[PDB]
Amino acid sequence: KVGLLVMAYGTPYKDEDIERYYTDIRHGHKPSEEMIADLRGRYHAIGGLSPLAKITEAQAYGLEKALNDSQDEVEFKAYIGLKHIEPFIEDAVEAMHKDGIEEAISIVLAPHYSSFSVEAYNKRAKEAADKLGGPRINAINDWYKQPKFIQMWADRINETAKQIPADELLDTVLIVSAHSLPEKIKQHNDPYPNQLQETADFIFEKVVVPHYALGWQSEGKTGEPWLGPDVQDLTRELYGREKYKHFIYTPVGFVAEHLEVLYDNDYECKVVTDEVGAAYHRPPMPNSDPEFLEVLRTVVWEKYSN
């Protein structure tokens, strides 16, 4: 019995939860009434709440099933550890410990590594284990190089492009993005930006879309520079220069439909394409598709074999 520590951001379960959730994201500093109002407005604009909770849950337990049905060397037990709402990363580790688990493999539901994302996940999990006395946490840092991951995204882009008139494929561009971070991470050799570039490069080689570009989205409310260009700004620039007629958005930094896709892409990017007169395309997120469960199953088993 090896625990499967599946970690993700988390999302408010109820509208009452919005305040403490934002407070946790802001490292305990309660946001103003104006910032809360904006956030609740965005959740309202996408229907009320994000489906991130149910998707994350199907992902974690679909992985556990996928691993357990494909071999009998080991039995896996999935525990969900969220970053900004319960159950927290530390609650999962405590749950693993009280359950007697001696060893566990941890994976973050985000394929790319960064000091701000995976590193924070791995740090909190290792600190909770050390304090508790177990289990031993064998962490996966990234997995965007998994061939099946690259292929799954190329298949989605290819399926969408096949519905674009050949008359217009030459005027179609693929926009590859992930959640922005403070630009300062580039001063210390953070791999995050280069991992995203590699991801876009690998996908581009396997799709019929002849143009592409790397953007970022969802940069925070601070006073510092963030990784750019923003996908909205990139969309305008690319239209001004090439007059592209089709924009295909794949935020490969995310693995599920949630606020940062349903609003930041399906609304704000759509607004831009509408403004310039181009078509908006955003292929389905991985969610809990068997193909994606197969991606995660391969990554975890590869990590176990090592």
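Heads up, when I say rigid core I mean the largest set of C-alphas that superpose within 1.5 Å between the two forms. A residue's number is simply how far along the shown sequence it sits, counting from 1.
The higher RMS C-alpha distance to the shown form in 4 other deposited structures of this protein, out of 79 to 87 and 222 to 230, belongs to 222 to 230, with every structure fitted on the core.
After superposition on the rigid core, the larger root-mean-square Cα deviation in 4 other deposited structures of this protein belongs to 28 to 36, not to the other of 262 to 270 and 28 to 36.
The PDB entry reports B-factors from which the mean C-alpha value can be compared for 188 to 196 and 90 to 98; the larger average falls on 90 to 98. Comparing the deposited coordinates for 29 to 37 and 273 to 281, the stretch with the larger average C-alpha B-factor is 29 to 37.
Comparing the C-alpha B-factors of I140, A110, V231, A129 in the entry, the top value falls on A129. Set against one another, the Cα B-factors of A166, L181, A213, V118 in the record reach their highest point at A166. For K243, the recorded CA temperature factor ranks within the middle third of the chain's modelled residues. Among all modelled residues in its chain, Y61 ranks in the highest third by Cα B-factor. In the deposited entry, the Cα temperature factor of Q71 sits in the top third of values across the chain's modelled residues.
When all modelled residues of the chain are sorted by CA temperature factor, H258 is found within the lowest third.
The PDB entry assigns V6 a C-alpha temperature factor belonging to the middle third of its chain's modelled residues.
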